[PDB]
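Worksheet: one structure, shown below.
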Ligand SMILES: CC(=O)N[C@@H]1[C@@H](O)[C@H](O)[C@@H](CO)O[C@H]1O
Ligand SMILES: CC(=O)N[C@@H]1[C@@H](O)[C@H](O)[C@@H](CO)O[C@H]1O
Ligand SMILES: *[C@@H]1O[C@H](CO)[C@@H](O)[C@H](O)[C@H]1NC(C)=O
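Protein chains in written order, with the entry's author numbering: chain P, 150 to 233, 245 to 249; chain Z, 299 to 348; chain L, 498 to 547.
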């Protein structure tokens with residue numbers, strides 16, 4: 150409906166987080182785990198991106214997520230929204 | 299009777315690089331300066347200010 | 498106009514660096530991590546974010 154901020158506190162541009170596509174033509178769907186943290190003055194994101202054969206629930210395997218970004222953004226994060245047959249999240 | 303320790307000679311200071319260097323051209327080089335009735339404000343962030 | 502509030506600083510001066518001295522007892526500061534000792538080539542394989 151609207152499309153203007155009239156502002157900019159901080160801006161960052163890099164490689165896409167979600168568009169890591171490999172292992173097609175099979176049951177290997179890319180499970181994209183993310184962890185979002187809000188600490189004193191920083192917003193951290195961790196991720197992995199692992200192909201799995203079972204798509205219904207979490208794979209029950211084990212791996213750790215690696216640091217993706219660390220942004221010096223001093224804002225109040227209290228709520229969040231995800232923007233988007246229908247596997248969902 | 300005593301202890302000894304090898305002392306340091308030089309010192310090493312290492313930082314990644316100098317990136318996102320702040321231009322400041324927008325305030326010192328720009329030709330279209332506003333007058334006092336409508337002076338301009340430029341915000342500086344995420345940069346190295348030399 | 499400069500301000501200090503509580504948020505992490507995003508504007509800073511350049512961080513001057515020196516050369517790298519190996520196989521000698523030196524003082525050092527690597528990206529904020531200080532200490533003393535002798536630096537040698539490592540056979541350790543750090544992950545890209547470590
Ligand atoms: C058009 C507009 O909303 N401008 C806002 C201003 O009202 C606010 O006081 C200031 C605080 O930093 O941030 C600006 O982006
Ligand atoms: C405001 C501004 O940027 N003035 C630049 C100065 O910084 C630069 O050092 C010089 C060339 O040496 O050329 C001037 O036009
Ligand atoms: C905004 O943050 C301050 C402290 O950072 C907190 O006291 C306040 O309750 C927060 N506002 C909301 C709506 O949560």
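All C-beta atoms in this analysis are idealised placements derived from N, C-alpha and C, irrespective of residue type, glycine included.
At the 7 Å Cβ level, is residue 347(Z) part of the contact set with chain L, yes or no? So, interface residue.
Distance between residue 320(Z) and residue 336(Z) (C-alpha atoms, nearest Å): Those two C-alpha atoms are separated by around 24 Å.
Kindly examine ligand 2 and report whether one of its heavy atoms sits closer than 6 Å to the Cβ of residue 326(Z). Yes, since a heavy atom of ligand 2 falls inside the 6 Å radius drawn around the Cβ of residue 326(Z).
With a threshold of 6 Å (Cβ to nearest heavy atom), would residue 155(P) be considered close to ligand 1? In this structure, ligand 1 has a non-hydrogen atom nearer than 6 Å to the beta-carbon of residue 155(P).
Leaving aside the five residues before and after residue 332(Z) along the sequence, list all residues of the same chain whose C-beta is less than 6 Å from its C-beta, in chain order. Answer for residue 332(Z): 338, listed in chain order.
Taking C-beta pairs closer than 8 Å, name the residues in chain Z that residue 159(P) reaches, listed in chain order. 343 and 344
In this structure, what does DSSP give as the bridge partners for residue 219(P)? 193(P)
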